[PDB]
Amino acid sequence: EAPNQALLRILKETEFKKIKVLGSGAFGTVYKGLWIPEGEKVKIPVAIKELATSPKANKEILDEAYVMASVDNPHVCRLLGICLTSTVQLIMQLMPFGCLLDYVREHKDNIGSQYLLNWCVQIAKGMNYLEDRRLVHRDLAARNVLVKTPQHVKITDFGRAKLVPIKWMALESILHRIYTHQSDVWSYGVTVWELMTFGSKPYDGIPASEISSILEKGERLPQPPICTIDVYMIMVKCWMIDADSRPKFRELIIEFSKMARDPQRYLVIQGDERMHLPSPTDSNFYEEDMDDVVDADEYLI
Ligand SMILES: CO[C@H]1CCN(c2nccc(Nc3cc4c(cn3)nc(C)n4C(C)C)n2)C[C@H]1F
């Protein structure tokens with residue numbers, strides 16, 4: 001197929017400063033930082049993913065760097081560059097509000113129908129872009145959707161993307177390890193369920209080995225209280241046994257968009273419309289020298 005002419009930017013260690021730790025797991029650690037390129041007079045807020053050195057872990061991060069440097073969409077996280085130190089670090093855009101999963105849990109009392117439905121549209125747009133680029137995510141979940149601003153979310157975590165999270169997986173994937181854009185649609189349905197329930201764990205208490213049998217019988221995630229039959233019906237269609245019967249991401253963009261034009265007809269939330277989240281039109285929305293700071297989305301070379 002088509003040659004991948006994406007540019008892999010090699011960044012000097014001296015061009016960026018680690019500020020604090022954002023998260024730490026088995027992979028290594030993610031830091032909040034600033035990237036001050038060449039003689040540009042710009043400070044770009046960045047997230048630095050730093051890898052111990054084992055030949056296997058270095059290949060896995062370079063496989064993720066390959067995919068992440070090959071995407072370019074407002075609703076997908078792109079790789080700004082890599083730094084070749086003794087460790088190997090991925091330079092990414094800072095998503096200051098973290099993962100959408102923790103965001104819905106921490107801010108449920110100020111999350112209205114407008115925000116929820118717009119997030120669904122944005123995720124479907126990012127996913128439809130990945131489809132255009134012939135990329136199967138294989139790990140779509142609310143934990144892997146990051147928040148740039150409460151009004152702007154992006155799909156990330158390409159560590160499993162190709163051309164195991166059982167409770168988010170399609171039945172063909174659990175049983176036969178078959179991954180399609182239609183298996184991503186199933187994971188999209190589960191992600192929406194996570195948003196609509198304000199961060200509830202799917203099939204809470206049920207062990208992962210029991211899921212495949214539960215799905216085969218016909219058991220699915222329940223109707224969230226805020227969901228009208230209109231929204232639940234969509235989630236349900238993402239969980240059909242026949243992958244081809246499931247909606248396409250382009251149809252999900254359309255369906256969630258029609259709904260986002262009249263959000264209270266499709267999601268029933270007490271106190272909705274009187275709820276407000278931070279916006280770039282708020283005071284003190286934007287610690288260091290705030291001079292010459294530019295978001296990665298506006299920094300293009
Ligand atoms: C497991 O590795 C993950 C780490 C998170 N990730 C990612 N992609 C693109 C941008 C980005 N930036 C980013 C990540 C942040 C963040 C601010 N900005 N605050 C927190 C708490 N986190 C994560 C650790 C979830 N983070 C995708 C993968 F790199």
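Bear in mind these aren't lab numbers, they're just calculated from the coordinates by the rules spelled out. All Cβ positions, even for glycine, are placed from backbone atoms using ideal geometry, and neighbour counts span all protein chains on display.
Here are the numbers for the structure shown:
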quantity	calculated
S213 versus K20: modelled label distance in nm, points set 7 Å from Cα along the beta carbon direction	4.7
Exposure proxy ranking, count of Cβ atoms within 10 Å, fewest first, for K154, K12, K217	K217, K12, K154
Per-residue HN-Hα couplings for region 4-14 [Karplus 6.51, -1.76, 1.60; θ = phi - 60°; Hz; x = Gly/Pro]	8, 8, 3, 9, 9, 7, 8, 9, 6, 3, 5
Scattering profile of region 43-127 at q = 0.14 Å⁻¹ [log10 I(q)/I(0), Debye over alpha-carbon scatterers]	-0.65
Rounded FRET efficiency, nearest 0.05, which uses the C-beta distance separating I254 from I206 and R0 of 41 Å	0.80
In range of the label at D72: residues from region 7-33 whose backbone nitrogen is under 19 Å from the point 7 Å along Cα→Cβ	7-11
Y299 versus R274: modelled label distance in nm, points set 7 Å from Cα along the beta carbon direction	4.3
Cα gyration tensor shape for the chain, rounded if a/c is under 1.5, else prolate or oblate	oblate
Centre separation in Å (Cα based) which lies between region 5-72 and region 192-238	35
For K237, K20, order by how many other beta-carbon atoms lie within 10 Å, fewest first	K20, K237
Entries of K12/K201; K12/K148; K32/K56; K18/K56 with Cα pairs more than 29 Å apart	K12/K201
Gain upon complete extension [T85, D109; 0.36 nm per residue less C-alpha separation]	4.3 nm
Proximal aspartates and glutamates relative to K248, as straight alpha-carbon distance under 18 Å, when same-chain residues fewer than 8 apart are discounted	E131, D132, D139, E172, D184, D230
Estimated 222 nm signal from helices in the chain, with DSSP H stretches of n ≥ 4 weighted -39500 (n - 2.57), rounded to 500	-10000 deg cm²/dmol
Exposure proxy ranking, count of Cβ atoms within 10 Å, fewest first, for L90, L7	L7, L90
Coarse-grained scattering of region 94-250 at q = 0.15, 0.18 Å⁻¹, given as base-10 log I(q)/I(0) from a Debye sum over alpha-carbon atoms	-0.76, -1.13
